[PDB]
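Chemist: First, the structure itself, so that you have it in front of you.
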Amino acid sequence: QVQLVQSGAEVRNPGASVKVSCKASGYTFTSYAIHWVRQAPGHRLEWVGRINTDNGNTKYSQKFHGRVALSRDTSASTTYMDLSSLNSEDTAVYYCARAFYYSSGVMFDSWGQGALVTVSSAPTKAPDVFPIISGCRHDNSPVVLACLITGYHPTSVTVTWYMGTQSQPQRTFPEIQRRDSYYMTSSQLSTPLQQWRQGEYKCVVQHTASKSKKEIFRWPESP
Amino acid sequence: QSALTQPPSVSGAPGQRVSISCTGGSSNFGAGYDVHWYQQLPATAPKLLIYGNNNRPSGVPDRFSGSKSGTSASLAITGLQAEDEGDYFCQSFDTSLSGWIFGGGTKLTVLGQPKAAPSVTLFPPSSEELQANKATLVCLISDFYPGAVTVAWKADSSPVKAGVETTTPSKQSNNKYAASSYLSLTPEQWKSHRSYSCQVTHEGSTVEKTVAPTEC
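These protein sequence lines map, in sequence, to chains B and A.
Taken in order, the first sequence gives residues 1 to 138, 141 to 225; the numbers are from the entry's author numbering.
Using the entry's author numbering, count along the second sequence one by one with no gaps and you end on 216.
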């Protein structure tokens with residue numbers, strides 16, 4: 001059977017390099033070309049290049065330009081992708097596909113499992129917690147309390163809201179990596195607030211990676 | 001155009017017929033290159049689904065059918081099965097870029113519960129954050145099914161796409177989904193506009209919330 005296997009996941013610093021392999025098996029390695037495709041989180045798939053697995057001719061995507069290089073080793077039955085001068089946008093999963101022919105053109109009939117590459121230069125840091133609020137305390143519009151949790155590394159955090167001593171239902175939200183390789187997420191108190199009490203409700207943020215617990219029990223008067 | 005366009009979400013009851021549209025530019029579909037379709041099941045490599053407009057590899061069920069005419073192609077899936085739930089995208093070739101091009105991707109959901117439109121709350125920058133010379137708008141989205149939305153920001157009436165960082169949907173404890181989107185701004189830009197608006201789109205309806213610097 002036709003099967004493509006790639007190297008494991010890599011973690012690098014900004015401006016560095018990474019070399020990911022793509023081992024083929026089950027067919028003639030020099031008969032069919034190999035392409036490289038990446039997909040960033042929140043983006044579609046992006047083509048990198050095609051390498052002629054026989055004479056060695058390579059065609060690169062114009063967007064990458066001098067950043068990427070595609071090599072071949074026929075004896076090793078493997079293709080490589082070397083990407084230099086990394087940055088936050090290069091955090092993606094990199095695939096390799098085989099070019100197979102059909103009656104009218106070119107076809108990708110086999111894809112690798114993919115290799116994740118993370119461009120992170122973040123030390124273990126505790127999160128900053130800011131009290132955010134929706135609505136006025138001056141209207142009959144309900145007030146929604148939330149806590150903004152940004153500037154930490156690594157994942158994850160653990161949030162619990164409290165009214166005095168009892169725990170209160172909350173809403174969990176995903177965590178996203180920012181451009182500066184730091185993470186952030188939010189937590190929202192579920193029940194909308196009818197009245198105004200001072201110091202009654204509080205969000206508690208726990209980040210065991212830095213052995214710290216940061217809690218907020220006051221929402222300042224609005225700007 | 002020089003790229004493909006797909007609906008972000010396509011839903012269907014178990015057993016019904018659904019459709020996915022791939023819109024192409026003259027430089028691609030009007031350029032003689034046929035369209036390929038690939039499915040990406042959860043945590044799997046993309047699988048070749050349909051090659052050459054309407055041909056089917058040995059291993060793909062006949063429920064998947066393909067068509068292409070003019071400049072728009074459509075992928076049809078009859079008798080919807082729970083195994084079909086995943087992401088689907090189209091591929092072609094462009095002559096102006098001399099390279100391959102892919103579509104935005106479409107999440108197919110097999111309904112297991114009735115649909116729920118998202119509930120949205122928009123948050124202004126906090127007082128403590130502004131004193132730290134920072135400003136971030138928080139758009140929180142929760143309790144929607146199927147799990148796929150599209151967030152669009154705008155300053156006053158003009159759209160803004162810089163500094164937007166949206167999260168992928170994550171299944172909640174009650175099989176519904178939640179997401180969020182953030183607009184990072186400088187404290188100068190925040191007070192330099194009369195209002196900001198988060199715009200969430202989901203299954204044929206868009207809800208928008210607005211916050212103003214002068215508001216509270």
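Idealized CB from N, CA, C, for every residue including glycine.
In terms of residues, what are the limits of the beta strand (DSSP E) holding A:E188?
Modeler: Segment 187-190 is the alpha helix (DSSP H) holding A:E188; no beta strand (DSSP E) there.
Chemist: Out of A:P114, A:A135, A:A162, A:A132, which one is the CA nearest neighbour of A:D143?
Modeler: Answer by Cα proximity: A:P114.
Chemist: Which value, in whole angstroms, describes the spacing of the CA atoms of residue 242 of chain A and B:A122?
Modeler: The structure shown does not extend to residue 242 of chain A, since chain A spans only 1 to 216, so no value can be given for it.
Chemist: How would you list, in chain order, the residues of chain A whose beta-carbon sits under 7 Å from the beta-carbon of B:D182?
Modeler: By Cβ distance, chain A contributes nothing, its closest Cβ being about 10 Å from B:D182, past 7 Å.
Chemist: If the cut is a Cβ gap below 7 Å, which residues of chain A does B:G114 touch?
Modeler: Those within 7 Å of B:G114 in chain A are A45.
Chemist: Since B:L45 is in the alpha helix (DSSP H), which residue starts that stretch and which ends it?
Modeler: That residue, B:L45, is in no alpha helix (DSSP H); its beta strand (DSSP E) goes 45-51.
Chemist: For A:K107, collect the residues of the same chain with a Cβ closer than 6 Å to its Cβ; drop the 5 residues on either side in sequence, then sort them by chain order.
Modeler: Closer than 6 Å at the Cβ level, and outside the excluded window around A:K107, lie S9, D87, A148.
Chemist: Quick check on the burial criterion: 16 or more other C-beta atoms within 10 angstroms. Buried or exposed for B:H43?
Modeler: Counting Cβ neighbours within 10 Å, B:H43 comes out exposed, since fewer than 16 surround it.
Chemist: Quick check for students: name the residue ranges of the beta strand (DSSP E) that lie wholly in the region 144-197 of chain B, counting only runs of 3 or more.
Modeler: Segments of the beta strand (DSSP E) lying fully in the region 144-197 of chain B: 146-154, 160-165, 168-170, 172-174, 185-191.
Chemist: Could you name the residues of the region 109-129 of chain A whose beta carbon sits closer than 9 Å to any beta carbon of chain B, in the order they occur along the chain?
Modeler: Answer set for the region 109-129 of chain A: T121, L122, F123, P124, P125, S126, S127, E128, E129.
Chemist: Strictly under 7 Å for the Cβ-Cβ distance: is A:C216 near chain B by that measure?
Modeler: Closer than 7 Å: yes.
Chemist: Taking A:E188 as the query, report the chain B residues whose CB atoms sit under 7 Å from its CB, ordered along the chain.
Modeler: Ordered by position in chain B, no residue passes the 7 Å Cβ test against A:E188, which lies about 15 Å from the chain.
Chemist: Is there at least one Cβ from chain A nearer than 7 Å to B:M81's Cβ?
Modeler: It does not; no Cβ of chain A falls within 7 Å.
Chemist: How many angstroms separate the CA atom of B:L195 from the CA atom of B:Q170?
Modeler: Distance between the alpha carbons of B:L195 and B:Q170 is about 12 Å.
Chemist: With C-beta atoms as the reference, is A:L80 less than 7 Å away from A:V60?
Modeler: Going by C-beta atoms, A:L80 is not nearer than 7 Å to A:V60.
Chemist: Put B:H65 into one of helix, strand or coil per three-state DSSP.
Modeler: DSSP places B:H65 in helix when its eight states are reduced to three.
Chemist: Relative to the alpha-carbon of A:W190, which residue among A:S180, A:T206, A:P125, A:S96 has its alpha-carbon at the smallest distance?
Modeler: For A:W190, the nearest C-alpha among the options comes from A:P125.
Chemist: Is there contact here, the region 162-182 of chain A with the region 171-178 of chain B, by at least three beta-carbon pairs under 8 Å?
Modeler: The region 162-182 of chain A, when compared against the region 171-178 of chain B, does touch it at the 8 Å Cβ threshold.
Chemist: Name, in chain order, the residues that DSSP records as bridge partners for B:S84.
Modeler: DSSP, once it has assigned bridges, lists B:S17 as partnering B:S84.
Chemist: Any idea what DSSP makes of A:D84, helix, strand or coil?
Modeler: Helix.
Chemist: Given that B:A148 touches chain A, what residues does it touch there, using C-beta distances under 9 Å?
Modeler: Simply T121, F123, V138, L140.
Chemist: Please list the partners that B:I178 has in chain A, where partner means a Cβ-to-Cβ separation under 7 Å.
Modeler: The contacting residues are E165, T167.
Chemist: Which ranges does the beta strand (DSSP E) cover as unbroken runs of at least 3 residues, wholly within the region 127-172 of chain A, from first to last along the chain?
Modeler: DSSP runs (the beta strand (DSSP E)) wholly in the region 127-172 of chain A: 135-144, 150-155, 158-160, 164-166.
Chemist: Is the shortest distance between the beta-carbon of A:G99 and the beta-carbons of chain B less than 7 Å?
Modeler: Closer than 7 Å: yes.
Chemist: Which residues in chain B sit within 8 Å of A:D34, going by Cβ to Cβ distance?
Modeler: Within 8 Å Cβ-Cβ: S104, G105.
Chemist: Please classify A:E188: is it buried, with 16 or more other beta-carbons within 10 angstroms of its beta-carbon, or exposed?
Modeler: Flag for A:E188 reads exposed.
Chemist: Under the assumption that A:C90 contacts A:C22 (Cβ atoms under 8 Å), give the Cβ distance between them as a whole number of angstroms.
Modeler: Indeed, because the Cβ distance is near 4 Å, the residues count as touching under 8 Å.
Chemist: Assuming A:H36 is part of the beta strand (DSSP E), what are its boundary residues?
Modeler: Per DSSP, A:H36 belongs to the beta strand (DSSP E) from 36-40.
Chemist: Could you please give the first and the last residue of the uninterrupted beta strand (DSSP E) stretch that includes B:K59?
Modeler: Run containing B:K59: 58-60, per the beta strand (DSSP E) assignment.
Chemist: Any Cβ of chain B within less than 7 Å of the Cβ of A:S92?
Modeler: By this cut-off, A:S92 is not an interface position.
Chemist: Does any residue of chain E bring its CB to less than 7 Å from the CB of A:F144?
Modeler: In the structure shown, chain E does not exist; the protein chains are B and A.
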